[PDB]
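Student: For reference, the file protein_21.pdb (PDB, C-alpha atoms and all ligand atoms) is included below:
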ATOM      1  CA  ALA A   1      -3.145   1.047 -19.703  1.00  0.00           C
ATOM      2  CA  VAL A   2      -3.330   2.133 -16.067  1.00  0.00           C
ATOM      3  CA  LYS A   3      -6.207   1.936 -13.612  1.00  0.00           C
ATOM      4  CA  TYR A   4      -6.791   5.002 -11.449  1.00  0.00           C
ATOM      5  CA  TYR A   5      -8.444   4.924  -8.038  1.00  0.00           C
ATOM      6  CA  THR A   6      -9.775   7.834  -6.000  1.00  0.00           C
ATOM      7  CA  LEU A   7      -9.051   8.364  -2.323  1.00  0.00           C
ATOM      8  CA  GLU A   8     -12.747   7.766  -1.731  1.00  0.00           C
ATOM      9  CA  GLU A   9     -12.661   4.218  -3.109  1.00  0.00           C
ATOM     10  CA  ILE A  10      -9.304   3.366  -1.544  1.00  0.00           C
ATOM     11  CA  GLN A  11     -10.494   4.260   1.980  1.00  0.00           C
ATOM     12  CA  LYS A  12     -13.101   1.493   1.738  1.00  0.00           C
ATOM     13  CA  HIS A  13     -10.428  -1.205   1.508  1.00  0.00           C
ATOM     14  CA  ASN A  14      -9.537  -1.489   5.163  1.00  0.00           C
ATOM     15  CA  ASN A  15     -11.464  -4.537   6.397  1.00  0.00           C
ATOM     16  CA  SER A  16     -10.885  -8.254   7.038  1.00  0.00           C
ATOM     17  CA  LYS A  17     -11.082  -9.206   3.372  1.00  0.00           C
ATOM     18  CA  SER A  18      -9.333  -6.258   1.755  1.00  0.00           C
ATOM     19  CA  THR A  19      -6.336  -4.106   2.680  1.00  0.00           C
ATOM     20  CA  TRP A  20      -5.047  -1.458   0.278  1.00  0.00           C
ATOM     21  CA  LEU A  21      -2.679   1.433   0.863  1.00  0.00           C
ATOM     22  CA  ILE A  22      -0.866   4.082  -1.129  1.00  0.00           C
ATOM     23  CA  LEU A  23       2.907   4.458  -1.525  1.00  0.00           C
ATOM     24  CA  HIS A  24       4.247   7.164  -3.864  1.00  0.00           C
ATOM     25  CA  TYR A  25       0.889   7.540  -5.686  1.00  0.00           C
ATOM     26  CA  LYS A  26       0.720   3.819  -6.447  1.00  0.00           C
ATOM     27  CA  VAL A  27      -2.060   1.652  -5.015  1.00  0.00           C
ATOM     28  CA  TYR A  28      -1.070  -1.662  -3.400  1.00  0.00           C
ATOM     29  CA  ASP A  29      -3.343  -4.560  -2.492  1.00  0.00           C
ATOM     30  CA  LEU A  30      -1.585  -6.154   0.480  1.00  0.00           C
ATOM     31  CA  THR A  31      -4.473  -8.406   1.471  1.00  0.00           C
ATOM     32  CA  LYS A  32      -2.470 -11.625   1.010  1.00  0.00           C
ATOM     33  CA  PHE A  33       0.837 -10.099   2.166  1.00  0.00           C
ATOM     34  CA  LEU A  34      -0.212  -9.116   5.715  1.00  0.00           C
ATOM     35  CA  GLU A  35       0.777 -12.459   7.226  1.00  0.00           C
ATOM     36  CA  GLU A  36       4.097 -12.602   5.334  1.00  0.00           C
ATOM     37  CA  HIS A  37       5.279  -9.062   6.163  1.00  0.00           C
ATOM     38  CA  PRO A  38       8.504  -9.216   8.229  1.00  0.00           C
ATOM     39  CA  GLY A  39       7.508  -6.087  10.129  1.00  0.00           C
ATOM     40  CA  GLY A  40       4.219  -7.650  11.199  1.00  0.00           C
ATOM     41  CA  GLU A  41       0.649  -6.844  10.193  1.00  0.00           C
ATOM     42  CA  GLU A  42      -0.203  -4.218  12.810  1.00  0.00           C
ATOM     43  CA  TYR A  43       1.862  -1.615  10.963  1.00  0.00           C
ATOM     44  CA  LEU A  44       0.077  -2.419   7.701  1.00  0.00           C
ATOM     45  CA  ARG A  45      -3.516  -2.552   8.985  1.00  0.00           C
ATOM     46  CA  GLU A  46      -2.968   0.699  10.865  1.00  0.00           C
ATOM     47  CA  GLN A  47      -2.174   2.403   7.545  1.00  0.00           C
ATOM     48  CA  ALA A  48      -4.773   0.561   5.451  1.00  0.00           C
ATOM     49  CA  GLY A  49      -7.065   2.705   3.322  1.00  0.00           C
ATOM     50  CA  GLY A  50      -4.691   5.642   3.082  1.00  0.00           C
ATOM     51  CA  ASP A  51      -1.275   6.988   2.109  1.00  0.00           C
ATOM     52  CA  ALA A  52       1.570   5.273   3.980  1.00  0.00           C
ATOM     53  CA  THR A  53       4.459   6.705   1.962  1.00  0.00           C
ATOM     54  CA  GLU A  54       6.058   8.648   4.821  1.00  0.00           C
ATOM     55  CA  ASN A  55       5.834   5.750   7.295  1.00  0.00           C
ATOM     56  CA  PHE A  56       7.228   3.374   4.673  1.00  0.00           C
ATOM     57  CA  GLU A  57      10.237   5.606   4.007  1.00  0.00           C
ATOM     58  CA  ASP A  58      10.631   6.431   7.691  1.00  0.00           C
ATOM     59  CA  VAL A  59      11.336   2.810   8.619  1.00  0.00           C
ATOM     60  CA  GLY A  60      13.729   2.568   5.678  1.00  0.00           C
ATOM     61  CA  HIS A  61      12.946  -0.428   3.474  1.00  0.00           C
ATOM     62  CA  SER A  62      15.640  -2.374   1.644  1.00  0.00           C
ATOM     63  CA  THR A  63      15.998  -2.492  -2.122  1.00  0.00           C
ATOM     64  CA  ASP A  64      14.697  -6.064  -1.985  1.00  0.00           C
ATOM     65  CA  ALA A  65      11.490  -5.105  -0.167  1.00  0.00           C
ATOM     66  CA  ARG A  66      10.877  -2.322  -2.683  1.00  0.00           C
ATOM     67  CA  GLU A  67      11.412  -4.758  -5.553  1.00  0.00           C
ATOM     68  CA  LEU A  68       8.930  -7.123  -3.928  1.00  0.00           C
ATOM     69  CA  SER A  69       6.304  -4.438  -3.279  1.00  0.00           C
ATOM     70  CA  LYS A  70       5.959  -3.993  -7.046  1.00  0.00           C
ATOM     71  CA  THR A  71       4.139  -7.314  -7.462  1.00  0.00           C
ATOM     72  CA  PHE A  72       1.278  -5.943  -5.316  1.00  0.00           C
ATOM     73  CA  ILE A  73       0.493  -2.821  -7.387  1.00  0.00           C
ATOM     74  CA  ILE A  74      -3.046  -2.706  -8.787  1.00  0.00           C
ATOM     75  CA  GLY A  75      -3.115   0.891  -9.989  1.00  0.00           C
ATOM     76  CA  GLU A  76      -2.398   4.529  -9.199  1.00  0.00           C
ATOM     77  CA  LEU A  77      -4.021   7.410  -7.343  1.00  0.00           C
ATOM     78  CA  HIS A  78      -6.300   9.447  -9.611  1.00  0.00           C
ATOM     79  CA  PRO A  79      -4.508  12.622 -10.819  1.00  0.00           C
ATOM     80  CA  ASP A  80      -7.285  14.819  -9.410  1.00  0.00           C
ATOM     81  CA  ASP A  81      -6.638  13.560  -5.864  1.00  0.00           C
ATOM     82  CA  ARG A  82      -2.885  14.225  -5.984  1.00  0.00           C
TER      83      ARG A  82
HETATM   84  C1  LIG A 101       4.227  -3.422  -0.126  1.00  0.00           C
HETATM   85  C2  LIG A 101       4.896  -2.798   0.922  1.00  0.00           C
HETATM   86  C3  LIG A 101       5.734  -3.408   1.862  1.00  0.00           C
HETATM   87  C4  LIG A 101       6.591  -4.460   1.689  1.00  0.00           C
HETATM   88  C5  LIG A 101       6.718  -5.360   0.463  1.00  0.00           C
HETATM   89  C6  LIG A 101       7.364  -4.579   2.905  1.00  0.00           C
HETATM   90  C7  LIG A 101       8.429  -5.454   3.051  1.00  0.00           C
HETATM   91  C8  LIG A 101       9.233  -5.473   4.178  1.00  0.00           C
HETATM   92  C9  LIG A 101      10.416  -6.285   4.304  1.00  0.00           C
HETATM   93  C10 LIG A 101      10.947  -7.282   3.282  1.00  0.00           C
HETATM   94  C11 LIG A 101      10.948  -6.033   5.511  1.00  0.00           C
HETATM   95  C12 LIG A 101      12.274  -6.601   6.000  1.00  0.00           C
HETATM   96  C13 LIG A 101      13.396  -5.582   6.080  1.00  0.00           C
HETATM   97  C14 LIG A 101      13.649  -4.901   4.757  1.00  0.00           C
HETATM   98  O1  LIG A 101      13.919  -5.612   3.767  1.00  0.00           O
HETATM   99  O2  LIG A 101      13.580  -3.655   4.706  1.00  0.00           O
HETATM  100  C15 LIG A 101      10.059  -5.103   6.172  1.00  0.00           C
HETATM  101  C16 LIG A 101      10.221  -4.643   7.487  1.00  0.00           C
HETATM  102  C17 LIG A 101       9.425  -3.690   8.091  1.00  0.00           C
HETATM  103  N1  LIG A 101       8.354  -3.025   7.487  1.00  0.00           N
HETATM  104 FE1  LIG A 101       7.664  -3.342   5.680  1.00  0.00          FE
HETATM  105  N2  LIG A 101       6.979  -3.627   3.851  1.00  0.00           N
HETATM  106  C18 LIG A 101       5.966  -2.917   3.215  1.00  0.00           C
HETATM  107  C19 LIG A 101       5.227  -1.910   3.801  1.00  0.00           C
HETATM  108  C20 LIG A 101       5.377  -1.436   5.098  1.00  0.00           C
HETATM  109  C21 LIG A 101       4.628  -0.328   5.629  1.00  0.00           C
HETATM  110  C22 LIG A 101       3.585   0.473   4.833  1.00  0.00           C
HETATM  111  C23 LIG A 101       5.049  -0.141   6.919  1.00  0.00           C
HETATM  112  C24 LIG A 101       4.695   0.833   7.869  1.00  0.00           C
HETATM  113  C25 LIG A 101       3.631   1.745   7.849  1.00  0.00           C
HETATM  114  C26 LIG A 101       6.075  -1.164   7.149  1.00  0.00           C
HETATM  115  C27 LIG A 101       6.786  -1.333   8.342  1.00  0.00           C
HETATM  116  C28 LIG A 101       7.848  -2.223   8.499  1.00  0.00           C
HETATM  117  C29 LIG A 101       8.591  -2.442   9.740  1.00  0.00           C
HETATM  118  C30 LIG A 101       8.348  -1.821  11.098  1.00  0.00           C
HETATM  119  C31 LIG A 101       9.558  -3.330   9.486  1.00  0.00           C
HETATM  120  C32 LIG A 101      10.590  -3.837  10.505  1.00  0.00           C
HETATM  121  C33 LIG A 101      11.823  -2.952  10.515  1.00  0.00           C
HETATM  122  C34 LIG A 101      12.762  -3.254  11.673  1.00  0.00           C
HETATM  123  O3  LIG A 101      12.428  -4.123  12.509  1.00  0.00           O
HETATM  124  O4  LIG A 101      13.832  -2.613  11.749  1.00  0.00           O
HETATM  125  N3  LIG A 101       6.293  -1.922   6.011  1.00  0.00           N
HETATM  126  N4  LIG A 101       9.020  -4.724   5.323  1.00  0.00           N
END
Go ahead and render the structure in this file as structure tokens.
Ligand code: HEM
Tutor:
Amino acid sequence: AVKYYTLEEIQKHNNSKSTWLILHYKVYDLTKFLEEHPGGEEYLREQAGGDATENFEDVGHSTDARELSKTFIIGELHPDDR
């Protein structure tokens, strides 16, 4: 089973208690990761509530970071919004 979120609901998660973002159609809840992110939290908050795939790939994340990102997935972008 997979949970699908719309762009409308994702955009609402960009505040002090909730930070979500999209990477390759998958939705990530990075709320508790902000402080641990090697790159800092400014880059994450700035992209919160939207699709950060291009920025993510632009910086060029390691295979380890990508493996780690998987633990933060909570669902996928609704097919109709793709
Ligand atoms: C769940 C997603 C993410 C995880 C788990 C994550 C993890 C990491 C890790 C482990 C590093 C260390 C270097 C490496 O292994 O590549 C890193 C660096 C970095 N990340 Fe992320 N990252 C994520 C999302 C993002 C996003 C969305 C942005 C930008 C919009 C971003 C910007 C950066 C920057 C600027 C660095 C520093 C690169 C440098 O100094 O050369 N990261 N990230």
Student: For ligand LIG 101 (chain A), collect every residue having any atom at a distance of at most 9 Å from a ligand atom (counting all atoms listed in the file); output as a PyMOL selection string.
Tutor: chain A and resi 21-23+28-30+33+36-48+51-73
Student: Write a file of the just-selected residues containing C-alpha atoms, as a PDB file, in the frame of the given file.
Tutor:
ATOM      1  CA  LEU A  21      -2.679   1.433   0.863  1.00  0.00           C
ATOM      2  CA  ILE A  22      -0.866   4.082  -1.129  1.00  0.00           C
ATOM      3  CA  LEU A  23       2.907   4.458  -1.525  1.00  0.00           C
ATOM      4  CA  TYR A  28      -1.070  -1.662  -3.400  1.00  0.00           C
ATOM      5  CA  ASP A  29      -3.343  -4.560  -2.492  1.00  0.00           C
ATOM      6  CA  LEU A  30      -1.585  -6.154   0.480  1.00  0.00           C
ATOM      7  CA  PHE A  33       0.837 -10.099   2.166  1.00  0.00           C
ATOM      8  CA  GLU A  36       4.097 -12.602   5.334  1.00  0.00           C
ATOM      9  CA  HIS A  37       5.279  -9.062   6.163  1.00  0.00           C
ATOM     10  CA  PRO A  38       8.504  -9.216   8.229  1.00  0.00           C
ATOM     11  CA  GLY A  39       7.508  -6.087  10.129  1.00  0.00           C
ATOM     12  CA  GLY A  40       4.219  -7.650  11.199  1.00  0.00           C
ATOM     13  CA  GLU A  41       0.649  -6.844  10.193  1.00  0.00           C
ATOM     14  CA  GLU A  42      -0.203  -4.218  12.810  1.00  0.00           C
ATOM     15  CA  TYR A  43       1.862  -1.615  10.963  1.00  0.00           C
ATOM     16  CA  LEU A  44       0.077  -2.419   7.701  1.00  0.00           C
ATOM     17  CA  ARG A  45      -3.516  -2.552   8.985  1.00  0.00           C
ATOM     18  CA  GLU A  46      -2.968   0.699  10.865  1.00  0.00           C
ATOM     19  CA  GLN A  47      -2.174   2.403   7.545  1.00  0.00           C
ATOM     20  CA  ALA A  48      -4.773   0.561   5.451  1.00  0.00           C
ATOM     21  CA  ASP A  51      -1.275   6.988   2.109  1.00  0.00           C
ATOM     22  CA  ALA A  52       1.570   5.273   3.980  1.00  0.00           C
ATOM     23  CA  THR A  53       4.459   6.705   1.962  1.00  0.00           C
ATOM     24  CA  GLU A  54       6.058   8.648   4.821  1.00  0.00           C
ATOM     25  CA  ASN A  55       5.834   5.750   7.295  1.00  0.00           C
ATOM     26  CA  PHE A  56       7.228   3.374   4.673  1.00  0.00           C
ATOM     27  CA  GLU A  57      10.237   5.606   4.007  1.00  0.00           C
ATOM     28  CA  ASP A  58      10.631   6.431   7.691  1.00  0.00           C
ATOM     29  CA  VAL A  59      11.336   2.810   8.619  1.00  0.00           C
ATOM     30  CA  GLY A  60      13.729   2.568   5.678  1.00  0.00           C
ATOM     31  CA  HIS A  61      12.946  -0.428   3.474  1.00  0.00           C
ATOM     32  CA  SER A  62      15.640  -2.374   1.644  1.00  0.00           C
ATOM     33  CA  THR A  63      15.998  -2.492  -2.122  1.00  0.00           C
ATOM     34  CA  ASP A  64      14.697  -6.064  -1.985  1.00  0.00           C
ATOM     35  CA  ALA A  65      11.490  -5.105  -0.167  1.00  0.00           C
ATOM     36  CA  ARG A  66      10.877  -2.322  -2.683  1.00  0.00           C
ATOM     37  CA  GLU A  67      11.412  -4.758  -5.553  1.00  0.00           C
ATOM     38  CA  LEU A  68       8.930  -7.123  -3.928  1.00  0.00           C
ATOM     39  CA  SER A  69       6.304  -4.438  -3.279  1.00  0.00           C
ATOM     40  CA  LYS A  70       5.959  -3.993  -7.046  1.00  0.00           C
ATOM     41  CA  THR A  71       4.139  -7.314  -7.462  1.00  0.00           C
ATOM     42  CA  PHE A  72       1.278  -5.943  -5.316  1.00  0.00           C
ATOM     43  CA  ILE A  73       0.493  -2.821  -7.387  1.00  0.00           C
TER      44      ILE A  73
END
Student: So what does the PyMOL selection byres (((chain A and resi 78) around 9) and not hetatm) actually pick up in this one, as an MDAnalysis selection string?
Tutor: chainID A and resid 3:7 25 76:77 79:82
Student: What does the distance from atom CA of residue 19 of chain A to atom CA of residue 31 of chain A come to in Å, to one decimal?
Tutor: 4.8 Å
Student: Measure the distance from atom CA of residue 1 of chain A to atom CA of residue 34 of chain A in Å and round it to one decimal.
Tutor: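 Going from atom CA of residue 1 of chain A over to atom CA of residue 34 of chain A covers 27.5 Å.
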Student: Just to confirm, what's the straight-line distance from atom CA of residue 50 of chain A to atom CA of residue 10 of chain A in Å (one decimal)?
Tutor: 6.9 Å
